[PDB]
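**Q**
Chains as they are written, first to last, in PDB author numbering: chain F, 14 to 384; chain D, 15 to 384; chain G, 15 to 384; chain I, 14 to 384.
#1: According to the neighbour-count rule (16 or more other Cβ atoms, all chains shown, within 10 Å of its Cβ), is residue 215/G buried or exposed?
#2: Nearest-angstrom Cα distance between residue 62/G and residue 137/G?
#3: Quick one: grab the DSSP three-state call for residue 304/F.
#4: Start and end of the alpha helix (DSSP H) containing residue 145/I?
#5: Residue 374/G to residue 159/G, Cα distance in whole Å?
#6: Which residues in the same chain as residue 60/F place their Cβ atom closer than 7 Å to its Cβ, once the five residues preceding and following it in sequence are excluded?
#7: With DSSP as the reference, label residue 366/I as helix, strand or coil.
#8: Would you list, in chain order, the members of the segment 51 to 79 of chain G that have their beta-carbon closer than 9 Å to a beta-carbon of chain I?
#9: If the cut is a Cβ gap below 8 Å, which residues of chain D does residue 267/I touch?
#10: For the segment 293 to 325 of chain I, list every residue whose C-beta sits within 8 Å of some C-beta in chain D, in sequence order.
#11: Give me the chain D residues within the contact set of residue 43/G, using Cβ-Cβ distance strictly less than 7 Å, ordered along the chain.
#12: Are any of the Cβ atoms in chain D nearer than 8 Å to that of residue 170/F?
#13: Would you call the CB atoms of residue 270/F and residue 34/F closer than 8 Å?
#14: Measuring CA to CA, which of 300/I, 101/I, 239/I and 72/I is closest to residue 161/I?
#15: With H, G and I counted as helix, E and B as strand and the rest as coil, what does DSSP make of residue 330/D?
#16: Helix, strand or coil for residue 119/I? Go by DSSP, reduced to three states.
#17: Looking only at its chain, what residues have a beta carbon closer than 8 Å to the beta carbon of residue 185/G, apart from the 5 residues adjacent to it on each side?
#18: Below 9 Å between beta carbons is the criterion; list the residues of the segment 84 to 102 of chain I that meet it against any residue of chain G, in chain order.
#19: Tell me whether the segment 181 to 196 of chain I and the segment 82 to 93 of chain I touch, counting them as touching only if at least three CB pairs, one residue from each stretch, are closer than 8 Å.
#20: Between residue 77/I and residue 229/I, which are expected to be in contact by the criterion C-beta below 8 Å, what is the C-beta distance as a whole number of angstroms?
#21: Hey, residue 53/G and residue 262/G are a contact pair by Cβ (cut 8 Å); roughly how many whole angstroms apart?
#22: Nearest chain D C-beta to residue 134/F closer than 8 Å, yes or no?
#23: Using the beta-carbon of each residue, which ones in chain D are nearer than 9 Å to residue 109/F?
#24: I'd like to know whether the C-beta of residue 176/F is nearer than 8 Å to at least one C-beta of chain D.
#25: Do residue 145/D and residue 300/F have their beta-carbon atoms positioned less than 8 Å apart in this structure?
#26: With respect to the alpha helix (DSSP H) encompassing residue 34/D, which residues constitute its N-terminal and C-terminal limits?
#27: Would you check if the segment 162 to 175 of chain D and the segment 363 to 383 of chain F touch, i.e. whether three or more CB-CB distances between them fall below 8 Å?
#28: Is the CB of residue 104/D under 8 Å away from at least one CB in chain F?
#29: Taking 8 Å as the CB-CB cut-off, is residue 118/F touching chain D?
#30: Am I right that residue 328/I and residue 38/G are in contact with their C-beta atoms under 8 Å? What's the rounded C-beta distance?
#31: Would you mind reading off the limits of the alpha helix (DSSP H) that contains residue 139/F?
#32: Are any of the Cβ atoms in chain D nearer than 8 Å to that of residue 357/I?
#33: Which residues in chain I have a C-beta closer than 7 Å to the C-beta of residue 137/G? List them in chain order.
#34: So, is the C-beta of residue 217/G closer than 8 Å to a C-beta in chain I?
#35: Looking only at C-alpha atoms, which of 190/F, 189/F and 224/F sits nearest to residue 202/F?
#36: State the start and end residues of the unbroken alpha helix (DSSP H) segment that holds residue 253/I.
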């Protein structure tokens with residue numbers, strides 16, 4: 014009965030005590046510089062200490078355009094595509110997040126409430142601004158030039174700094190975690206004119222002759238040390254630590270003009286957010302190829318059937334700007350989509366135009382029970 | 015004072031409603047028309063659950079048919095696509111009755127930044143003004159047609175978490191009335207030298223500008239699946255018996271270097287005040303004002319400030335300045351509440367006063383249905 | 015006969031409502047259009063309180079594009095700016111369904127003088143036709159543009175003090191429908207020799223006349239803040255369950271010196287009758303009629319009168335004569351009520367009958383919703 | 014509790030008895046002929062007899078235009094401006110009406126339901142018509158000519174012939190009433206071209222050389238004699254006789270284009286009618302300088318927000334014609350404006366055009382308690 018109500022209360026209290034008694038630490042775990050032509054997949058081994066909240070991954074790169082005459086220009090995702098995929102496994106080898114660099118980046122932005130680690134432009138005469146180039150990439154790389162890029166990703170375990178749901182307790186020696194990073198290479202980073210720019214960093218007539226010179230990464234692990242001890246050992250939020258907070262993405266196809274394309278939510282998960290990217294056969298449009306988007310439950314009842322601009326309006330309230338062309342976001346944080354609470358639910362897109370090889374790339378943020 | 019009990023209960027009921035019901039935003043009406051034929055519409059909301067507000071989307075195409083002269087956006091621009099709004103609840107009681115520009119400025123004050131705007135940053139990832147949510151061409155050249163988009167949020171409930179002012183509409187069949195008066199060919203275009211206050215574009219080609227058409231879509235935001243208890247629906251009675259309204263007014267009689275005082279009425283709890291100094295058609299960036307203040311009779315000013323310092327307080331609220339001649343005052347944490355008519359007034363001591371000068375006031379307030 | 019009790023209660027409730035509620039007249043819709051594109055509109059009234067009626071303001075600009083010929087007002091003139099009106103209440107029941115000219119003549123009969131007219135007097139103080147409330151140029155010369163203004167009152171309630179026929183609209187969300195069909199380029203202008211009955215102007219330049227545009231504004235008159243009692247709303251149940259309607263019809267088959275009888279239906283309590291003798295497009299001042307009367311089968315005529323004496327009775331009601339060929343009959347104090355279809359008829363014995371002659375009838379009546 | 018309900022009933026009964034038992038009388042009180050160049054203010058002393066209902070004031074005048082060549086023409090108010098102001102004080106020296114001749118005249122018209130004491134034009138062949146020139150003034154007075162004018166004003170104490178609210182009981186010897194009449198003179202009666210015609214009788218290029226030759230007035234007092242006596246002395250409607258029925262006017266400035274100009278009702282009074290004159294800097298327009306007029310209560314809720322022609326339509330139903338240019342009327346007789354019954358109320362004018370020195374001249378008709 015009220016056995017869980019007491020469980021919930023115990024969890025929250027334990028969380029509050031851990032946060033007040035422990036001290037946060039962020040420390041470098043590993044750094045490596047390489048040429049992706051040699052190797053692009055790396056398995057980083059996080060340190061086993063206290064409760065792990067997440068990882069901040071710094072990525073830098075140098076790209077050279079050796080085309081004789083043509084330039085290349087940033088794609089809509091640009092440096093967010095420096096990391097193609099990220100996968101994390103905890104000490105019990107349970108997989109948490111497994112998604113694309115672009116999806117992880119869009120969630121980082123959604124959680125910040127503004128473009129992740131960006132520098133806002135203001136009229137201040139004091140010289141604040143893009144001083145440190147935290148996330149940066151040249152808009153174009155001309156024939157014969159070399160550009161430098163910097164990108165950051167936050168790989169979460171814990172939901173936030175104050176909500177430890179999804180965090181990982183790593184104090185078991187001989188049982189390691191694994192943070193796998195799959196980086197871009199010359200094949201994924203450069204798209205020829207007319208090719209699909211989805212996974213690319215630069216696109217243009219000089220693409221065939223573009224090459225990475227090097228990529229470097231530094232992984233910083235954020236955790237809580239000096240865990241509080243009481244009468245039974247460590248005071249720990251048991252629900253928080255046995256819940257997985259994950260990001261995952263998938264691709265759905267089968268769109269036809271003026272027909273509702275419905276992507277069912279894969280039940281049992283508590284979906285906090287949904288990102289839908291309309292890759293219209295390599296074309297990414299600013300809503301003009303869509304009639305409306307919606308979230309619908311078993312009853313054909315729509316809770317937010319909106320035209321594209323109005324849908325975008327809701328997103329502007331969340332991140333203070335629009336996501337790139339063809340990228341749509343839906344916040345369900347306060348009331349997560351959870352089938353079994355109200356029948357099957359689906360994310361809906363009714364397309365106005367559908368090109369060949371059209372598809373919806375879905376990105377989800379969700380909570381689910383461990384084991 | 016059984017009030018503590020009433021408030022305690024109200025707040026608990028509000029939380030149960032927010033926790034148990036489910037939010038819905040739904041289109042209730044769309045229409046396209048030519049301002050030459052009509053510009054006043056009465057939208058009928060759906061009578062379902064607890065209504066929180068209405069999101070009104072307005073799009074328009076404006077053609078500059080002048081032979082050689084262009085026109086440029088006024089300071090309010092697309093915010094003048096809707097001239098006025100009035101809302102009547104199922105009990106025939108009015109809530110908001112104000113201008114489109116005042117409604118828009120409050121939307122901005124409540125968001126803490128220009129309403130539904132896209133902030134500019136150094137991000138290399140292509141975030142930005144991708145969807146043109148609120149948009150209008152800076153100028154429309156002779157012979158050109160410009161496309162505009164504007165959004166307004168007409169609030170009933172104070173916010174997503176504070177249901178004060180919300181309307182219970184699952185109630186009687188009696189209809190709600192959301193009245194909208196749109197800009198027309200007579201209000202949208204101002205000739206050079208004319209007052210641009212209510213206009214969208216001003217310039218030498220104004221006389222030959224016209225609307226090709228205007229379209230609006232109203233979305234209703236409400237809470238459905240209301241929680242039921244012993245006695246029935248669990249409802250925040252104080253929230254639902256309180257009105258959260260925006261209203262505007264105009265005052266004249268300004269004289270150089272003399273305090274011009276606009277009295278606040280009693281009974282109303284004023285959350286914010288906006289004062290626009292329409293200096294005979296000229297809108298200046300504080301240079302025509304000595305100071306502004308809020309004053310209580312026999313207790314002097316609580317914030318007598320020079321225009322720039324007054325603007326500094328506003329920058330802390332919306333992260334920028336409101337347009338020229340528009341002044342904002344936040345009293346949300348401690349609402350102006352006189353108890354005696356005029357115990358408190360809004361003050362403007364003008365430096366220069368042109369012919370036909372006046373202050374256009376805008377208010378946000380709470381008041382009991384009584 | 016528990017009727018005495020019902021009527022006694024109804025009347026008491028009516029008085030409480032009039033005493034306790036507050037009258038409101040409010041704009042519900044305005045629109046400007048070109049008759050070349052459309053001329054039929056369905057206005058949606060607000061569903062609030064007890065609705066008494068609608069004041070419809072119509073303005074129009076008419077251009078005579080003829081090269082050299084003018085046109086002049088017909089006898090009905092601006093009263094033909096609205097060709098027809100139909101009202102449906104929230105329960106899908108129709109009330110008034112009649113022509114604009116008949117509606118206007120009833121507006122006049124109820125006022126006791128030409129509707130919204132300005133009476134001429136010797137006063138040296140400058141009262142007079144200052145505001146041109148109902149107005150139209152006597153002629154519009156070739157190449158000229160004339161401006162017209164017309165007002166119509168569409169009644170639901172019988173009067174400001176008698177709520178019989180009024181509509182309770184705070185009720186269901188179900189919408190009211192006020193349908194208006196305006197004059198157009200095909201009905202407003204009559205060529206010389208053509209029937210001017212439904213036209214606004216007639217003359218040699220008619221073929222080249224056209225509307226520059228027409229605009230209308232509908233104002234809704236209702237009672238708000240309805241009084242509540244033990245069982246709830248204190249309401250005059252008889253008043254609200256009775257229909258007060260105006261309706262028109264056409265009858266033909268007239269023959270010189272023979273009684274032409276238009277039977278009244280049963281069930282309806284006819285308050286007034288208007289008969290227009292459209293003598294094949296000619297409208298005469300009684301010279302084509304021997305007499306008019308109202309007759310009951312097997313009880314002869316109750317008022318068989320020569321045309322001038324019939325007109326004399328009308329002069330006592332509206333202080334002047336209705337236009338040529340228009341005849342009025344007041345039966346307000348003792349409404350025509352047959353109980354058997356045709357027990358009573360309206361009679362016209364014509365002196366001269368032209369080709370295509372007919373009587374256009376107009377009625378004001380009360381009838382139960384049954 | 015129902016102490017007033019019984020008071021109201023007692024009052025009405027007393028009123029009914031007084032009306033049925035007493036006999037109405039109208040008798041001359043005073044007549045005087047003078048040149049306003051000598052004196053223009055007169056304090057008339059009404060006779061103290063029975064219940065006084067009001068005064069009918071007959072005013073005649075002769076005006077000469079001695080300009081060498083130019084004429085003058087009647088202003089919109091014309092002879093209504095023969096009396097500039099009227100003030101009445103009762104035996105206790107309590108002031109009742111205090112207003113302008115033009116406002117008093119407009120109320121006389123509103124109460125009659127047609128231009129006060131006018132002769133209606135009809136097709137009658139019998140010679141009815143303007144036979145007696147009860148209220149009359151030549152449309153123009155040519156250079157070298159003399160015109161004759163006649164004007165009548167009814168100064169009310171009682172509301173009407175059947176409603177004695179506001180009447181005055183004057184049966185106290187040694188305590189007199191005062192009816193002060195302030196007449197026009199050469200300065201107020203003639204306006205030059207371009208000057209404000211508000212208070213003037215004639216305006217034109219010959220104005221500077223116009224002069225009154227004389228003005229004459231005759232005041233008739235209307236009262237009820239032979240007051241009914243019962244068991245307690247005179248049977249008198251106590252509420253009627255302790256209520257003041259007054260007319261007053263004032264000027265309000267501060268108008269600006271397209272902004273609502275609100276004139277608040279000065280609470281506690283029961284306002285029966287309101288007259289608003291838009292003196293637009295000396296220009297009087299037929300509604301073209303106004304967007305709308307209205308009466309609004311604390312709630313920004315308008316009970317009759319109307320465009321000028323529709324507002325005029327309501328007035329045509331009341332007086333069978335329009336008031337002069339720029340004069341607007343509002344009837345609240347059956348439901349008097351009374352703050353404390355429904356919050357503050359205001360009369361509203363939203364001007365389309367505002368000239369220099371624009372202002373609203375407000376005229377009120379109201380009931381208020383004595384003492």
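Ideal placement from N, C-alpha and C gives every residue a C-beta, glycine not left out.
**A** Once the coordinates are examined:
#1: Residue 215/G sits buried, since 16 or more C-beta atoms from the chains shown fall within 10 Å of its C-beta.
#2: 43 Å
#3: strand
#4: That residue, residue 145/I, is in no alpha helix (DSSP H); it is neither H nor E in DSSP.
#5: 32 Å
#6: 42 and 234
#7: coil
#8: 69, 71 and 73
#9: 265, 266, 267 and 372
#10: The residues in question are 311, 312, 313 and 314.
#11: 54 and 56
#12: no
#13: no
#14: 72/I
#15: helix
#16: Of the three classes helix, strand and coil, the one that applies to residue 119/I here is helix, per DSSP.
#17: 61 and 104, listed in sequence order.
#18: Residues of the segment 84 to 102 of chain I with a C-beta atom less than 9 Å from some C-beta of chain G are 87, 88, 89, 90, 91, 92 and 93, listed in chain order.
#19: no
#20: With 8 Å as the limit, residue 77/I and residue 229/I do not qualify as a contact, their Cβ atoms being about 16 Å apart.
#21: Contact doesn't hold; Cβ gap of about 19 Å is too wide.
#22: yes
#23: Contacts between residue 109/F and chain D, judged by CB atoms closer than 9 Å, are missing: the closest CB pair is about 24 Å apart.
#24: no
#25: In this structure, residue 145/D lies closer than 8 Å to residue 300/F by Cβ.
#26: 17 to 34
#27: no
#28: no
#29: Yes - at least one Cβ of chain D is within 8 Å of the one on residue 118/F.
#30: Between residue 38/G and residue 328/I the Cβ distance is about 18 Å, and since that is not below 8 Å, they are no contact.
#31: No alpha helix (DSSP H) contains residue 139/F, which DSSP labels as neither H nor E.
#32: At least one chain D Cβ lies under 8 Å of residue 357/I.
#33: The CB of residue 137/G comes closer than 7 Å to the CB of 128, 131 and 148 in chain I, given here in chain order.
#34: no
#35: 224/F
#36: 251 to 254
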